[PDB]
Ligand SMILES: Nc1ncnc2c1ncn2[C@@H]1O[C@H](COP(=O)(O)OP(=O)(O)OP(=O)(O)O)[C@@H](O)[C@H]1O
Ligand SMILES: Nc1ncnc2c1ncn2[C@@H]1O[C@H](COP(=O)(O)OP(=O)(O)OP(=O)(O)O)[C@@H](O)[C@H]1O
Ligand SMILES: [Mg+2]
Ligand SMILES: [Zn+2]
Ligand SMILES: [Zn+2]
């Protein structure tokens with residue numbers, strides 16, 4: 018893996034594949050990329066920042082278990098009484114397994130940044146004409162251990178979300194497909210865009226992925242990191258049609274179930290792509306890129 | 017009524033769970049300025065690391081967290097079975113049952129405090145140099161403590177400076193930070209007192225640990241009246257661990273003795289709430305000196 | 002057709029795309045054709061078009 | 000006898016380097032081996048081998064500094 022040699026300057030092991038401590042060098046570029054993305058935020062956008070956990074009930078309601086049950090991280094804890102908890106602990110001291118006393122909380126680790134925004138939008142009543150636009154971010158989690166630097170279990174996501182009529186969303190989508198590519202170009206990155214599909218689970222997941230790709234509901238900006246034949250999706254646009262509008266009872270200004278769409282930036286993938294492309298010595302980065310990033 | 021409750025309108029949106037909130041732009045802008053202020057006070061020769069919201073469960077077990085706060089720990093679990101098993105769990109959910117009976121533990125927990133992952137990392141470099149090592153660490157932390165009070169969250173940001181070295185390195189470090197942190201609190205126009213305290217150790221065993229900790233003055237807190245002046249909130253802590261983590265991780269100081277460690281911890285969410293409680297939710301009305309201190 | 006007039010009623014959740033046959037409904041409809049009959053679709057004929065109408069579903073079965 | 004029981008527990012939950020046989024009644028336990036987490040198991044061990052429960056007033060380093068202090072504390076309870 019071509020990326021491996023980047024580890025020494027970017028990451029420290031934390032004893033778990035896909036979970037790394039970030040060096041100051043690495044974080045300085047993550048921060049500049051986030052500032053660049055912010056500088057392209059469109060008018061009328063409301064910014065929200067989500068913690069790394071969210072309501073299990075909200076995620077169940079969003080349909081996540083129908084699509085990616087195998088990817089979800091659930092928060093569990095020792096919920097019993099003092100003796101119950103001490104019993105679990107004692108088993109650990111004894112050389113047994115305390116984890117058998119774990120029971121689920123009402124929380125999961127957020128699998129994507131946008132999920133909490135839909136009930137928040139719904140709570141405000143009908144959408145105004147033109148719809149609503151959100152800027153959301155979260156530390157996300159997906160249970161997919163890997164040693165590859167572009168495949169993490171815990172990673173930062175940044176998203177612009179549009180909630181409105183089908184025309185609102187398609188206008189938003191056309192705009193962000195253009196802007197996402199202009200950003201990658203300004204960063205000096207090599208990419209192509211392709212229609213793609215989410216990693217749906219199961220046999221129904223094969224139909225869902227086929228459907229999604231055939232309908233062109235998901236575009237990805239792909240950057241060669243490991244190789245040119247297996248590039249890495251570093252940005253995406255998802256058109257959800259009326260799926261979340263229906264789920265959450267969001268009505269557009271015409272009284273119809275709202276459509277939603279989002280452009281997603283994988284902050285850790287973009288940072289890794291920058292270092293892979295430009296190296297770990299910032300003073301040598303191309304002058305135009307340094308200027309774009311305010312270096 | 018909690019004096020803080022009315023802050024929620026401007027700072028937070030509900031996420032359907034006590035102690036877990038979406039953060040507004042106003043709130044985040046202040047968390048960011050506080051973080052930059054803390055960074056500006058960083059000592060020379062301090063290594064900055066940023067940790068994700070999860071860490072190795074094995075490392076946390078080794079750190080002794082189970083013996084001390086087993087009730088606060090959030091573990092990561094997932095559906096690890098076959099496709100048929102996972103599909104059945106989802107089908108039980110559709111039929112009014114509980115899908116979570118198919119969950120099993122992963123090798124990860126949610127990080128309960130920012131400093132834990134730093135000790136193995138320091139340990140991996142061999143013996144400490146003279147003067148020891150200093151780290152600047154941060155993470156989103158989790159503690160299973162549901163509450164409706166805005167100063168008691170389940171998911172919250174912690175920033176810490178950590179010292180690993182001889183007992184003298186560490187005790188001077190903590191003294192330097194105790195003074196520096198109070199000076200910062202005063203610059204921020206905050207009302208506080210500093211007192212000895214103890215971690216919320218669990219059970220009968222814990223009452224003894226808490227007693228000893230308070231008695232040996234291993235932990236100071238800077239306390240700010242938020243809900244009341246009688247039960248003020250700990251917004252910074254100043255912790256001395258003796259050789260507990262140095263022993264656990266086999267860290268050796270420059271004299272070949274098990275290293276001591278300590279840390280100064282800033283509760284970024286508590287500090288932010290404190291600022292808004294103290295000066296209000298209109299930043300233009302904040303005192304000029306405070307605005308200047310924060311670069312507003 | 003007699004076997005399909007019960008499958009669409011059980012998993013279709015209609016009030028076929030002009031009706032209330034949604035995506036996640038249609039996949040529970042796909043699975044219901046693998047249950048009432050003894051075959052699993054190929055990834056090729058596994059799609060939106062293969063489940064457009066009632067007469068569309070039937071033809072795919074023979075093939 | 001209480002002295003001997005207490006001594007046995009100190010081997011049961013002590014993690015001391017030099018055997019309880021080589022430790023005086025008045026000798027300071029932390030001063031030669033008794034750790035924090037150990038002294039807590041010991042306090043639990045004292046509560047196991049007898050059937051008692053210390054007040055929080057005596058739930059501290061002092062009560063477990065020496066075998067004599069332990070014996071005295073248990074008696075005073
Ligand atoms: N494992 C990961 N590590 C780092 N960033 C990720 C990871 N998975 C997703 N992201 C980033 O966040 C976004 C998530 O959207 P999405 O659900 O489309 O994932 P994905 O890109 O389909 O998946 P995969 O590449 O894992 O098969 C992507 O644009 C990507 O940049
Ligand atoms: N539940 C919480 N919500 C928000 N911030 C917290 C919470 N717990 C701790 N913090 C903050 O982070 C720091 C954590 O260090 P520490 O482990 O010393 O916790 P603590 O001081 O035991 O707390 P407490 O009695 O308030 O639960 C605290 O100083 C505080 O500012
Ligand atoms: Mg993608
Ligand atoms: Zn999204
Ligand atoms: Zn700490």
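Residue numbers (the entry's author numbering), protein chains in the order written: chain A, 18 to 312; chain B, 17 to 312; chain D, 2 to 16, 28 to 75; chain C, 0 to 76.
Just so it is clear, CB atoms sit at the ideal spot from N, CA and C, and this is done for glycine as well.
Problem set entry | Contact set between residue 59/C and chain B, taken where Cβ atoms lie within less than 8 angstroms | Within chain B, the residues near residue 59/C are 224, 227, 228, 231.
Exercise. If you drop the 5 nearest sequence neighbours on each side, which residues of the same chain put their C-beta closer than 6 angstroms to that of residue 250/B?
Worked result: So the list reads 237, 239, once near-sequence residues are dropped.
Exercise. When DSSP labels each residue in this structure, what does residue 180/A get in the three-state scheme?
Worked result: Residue state for residue 180/A is assigned as strand, using DSSP reduced to three classes.
Exercise. Using 8 angstroms as the limit for Cβ to Cβ distance, is residue 57/A near chain B?
Worked result: Closer than 8 angstroms: no.
Problem set entry | Below-8 angstroms beta-carbon distance, residue 235/A vs any chain B residue | Output row for residue 235/A: interface = no.
Exercise. At a Cβ threshold of 8 angstroms, is residue 12/D touching chain A?
Worked result: No, no contact with chain A.
Problem set entry | Exposure of residue 79/A, with buried meaning 16 or more beta-carbon neighbours within 10 Å | Under this definition residue 79/A is a buried residue.
For this session: Would you list, in sequence order, the uninterrupted beta strand (DSSP E) runs of no fewer than 3 residues that lie entirely inside the stretch 20-78 of chain A?
Result: Counting whole runs of 3 or more residues, the stretch 20-78 of chain A contains the beta strand (DSSP E) stretches 28-30, 37-40, 62-66, 70-72.
Problem set entry | Any non-hydrogen atom of ligand 2 within 7 angstroms of residue 89/B CB | Every heavy atom of ligand 2 is 7 angstroms or more from the Cβ of residue 89/B, so no.
Exercise. Are residue 69/A and residue 69/B close, meaning C-beta to C-beta below 8 angstroms?
Worked result: For residue 69/A and residue 69/B, yes; Cβs fall inside 8 angstroms.
Exercise. So the beta strand (DSSP E) residue 278/B belongs to, where does it begin and stop?
Worked result: Its beta strand (DSSP E) spans residues 276-283.
Exercise. DSSP on residue 29/D, reduced to helix/strand/coil?
Worked result: Secondary structure of residue 29/D (DSSP, three-state): coil.
For this session: Would you kindly check if the distance between the Cβ of residue 91/B and the Cβ of residue 98/A is under 8 angstroms?
Result: Cβ distance not < 8 angstroms, so residue 98/A and residue 91/B don't count as in contact.
For this session: Would you kindly report the start and end of the unbroken alpha helix (DSSP H) that includes residue 84/A?
Result: For residue 84/A, the enclosing alpha helix (DSSP H) begins and ends at 81-84.
For this session: Using a Cβ-Cβ cut-off of 8 angstroms, state whether residue 78/A counts as contacting chain D.
Result: Chain D, which has no Cβ nearer than 8 angstroms to the Cβ of residue 78/A, makes this no.
Exercise. How close, in whole Å, do the beta carbons of residue 279/A and residue 135/A come, if the pair is a contact with beta carbons under 8 angstroms?
Worked result: Not really, about 11 angstroms apart at Cβ, beyond 8 angstroms.
Problem set entry | chain B contacts made by the stretch 38-68 of chain C, where a contact means CB separation under 7 angstroms | Listed by position along the chain: 39, 42, 43, 55, 58, 59, 60.
Exercise. Where are the beta strand (DSSP E) runs, 3 residues long or more, that stay fully inside the stretch 176-223 of chain B, in chain order?
Worked result: Within the stretch 176-223 of chain B, the runs of beta strand (DSSP E) at least 3 residues long that lie entirely inside it are, in chain order, 209-212.
For this session: Output the distance between the C-alpha atoms of residue 52/A and residue 130/B, rounded to the nearest integer angstrom.
Result: Straight through space, the alpha carbons of residue 130/B and residue 52/A are spaced by roughly 25 angstroms.
Exercise. Which same chain residues, not among the five before or five after residue 231/B, have their C-beta less than 8 angstroms away from its C-beta?
Worked result: Counting only Cβ-Cβ distances below 8 angstroms, and skipping sequence neighbours, we find nothing.
For this session: Indicate whether at least one CB of chain D lies closer than 8 angstroms to the CB of residue 213/A.
Result: For residue 213/A, not one C-beta of chain D is nearer than 8 angstroms to its own C-beta.
For this session: Please find out if some non-hydrogen atom of ligand 5 comes closer than 7 angstroms to the beta-carbon of residue 178/B.
Result: Flag set: Cβ of residue 178/B near ligand 5.
Exercise. When the Cα atoms are used, what is the spatial distance from residue 215/B to residue 281/A?
Worked result: Distance between the alpha carbons of residue 215/B and residue 281/A is about 40 angstroms.
For this session: Could you tell me whether any non-hydrogen atom of ligand 2 is closer than 7 angstroms to the CB of residue 216/B?
Result: For ligand 2, at least one heavy atom lies less than 7 angstroms from the Cβ of residue 216/B.
Problem set entry | Collapsed DSSP secondary structure at residue 161/A in the structure displayed | Coil at residue 161/A, not helix or strand.
Exercise. Just the Cα atoms here: how many angstroms apart are residue 283/B and residue 113/A?
Worked result: For residue 283/B and residue 113/A, the gap between their C-alpha atoms comes out near 35 angstroms.
Exercise. Whose CA, out of 66/A, 27/A, 24/A, lies closest to the CA of residue 30/B?
Worked result: Closest option to residue 30/B, Cα to Cα, is 66/A.
Exercise. Does ligand 5 have a heavy atom nearer than 7 angstroms to the CB of residue 131/B?
Worked result: Under cutoff, so the answer is yes.
For this session: Go ahead and pull the three-state DSSP assignment for residue 246/A.
Result: When DSSP states are grouped into helix, strand and coil, residue 246/A belongs to the coil group.
Exercise. Under the DSSP definition of a beta bridge, which residues are partnered with residue 152/A?
Worked result: Residue 152/A is bridged to 64/A, 177/A.
For this session: Check the C-beta distance from residue 200/B over to residue 96/B and give it rounded, since I have them as a contact under 8 angstroms.
Result: Going by Cβ atoms, the distance from residue 200/B to residue 96/B rounds to 46 angstroms, so no, they are not a contact pair.
For this session: From the DSSP output, in three-state form, read off residue 259/B for me.
Result: Here residue 259/B sits in coil by DSSP.
For this session: Check the Cβ-Cβ distances between residue 221/B and every residue of chain C, and say whether any is below 8 angstroms.
Result: It does; some Cβ of chain C falls within 8 angstroms.
For this session: Could you pull out every residue in the same chain whose Cβ sits closer than 6 angstroms to the Cβ of residue 8/D, ignoring the five residues on either side in sequence?
Result: The answer, listed in chain order, is 44, 48.
For this session: Please check the pair residue 127/A and residue 155/A, which I expect to be a contact at CB under 8 angstroms, by giving their CB distance rounded to whole angstroms.
Result: The C-beta distance from residue 127/A to residue 155/A rounds to 5 angstroms, short enough to fall under 8 angstroms.
Exercise. Looking only at DSSP bridge pairs, what is residue 120/B linked to?
Worked result: Looking at the DSSP assignment, residue 120/B forms a beta bridge with 94/B.
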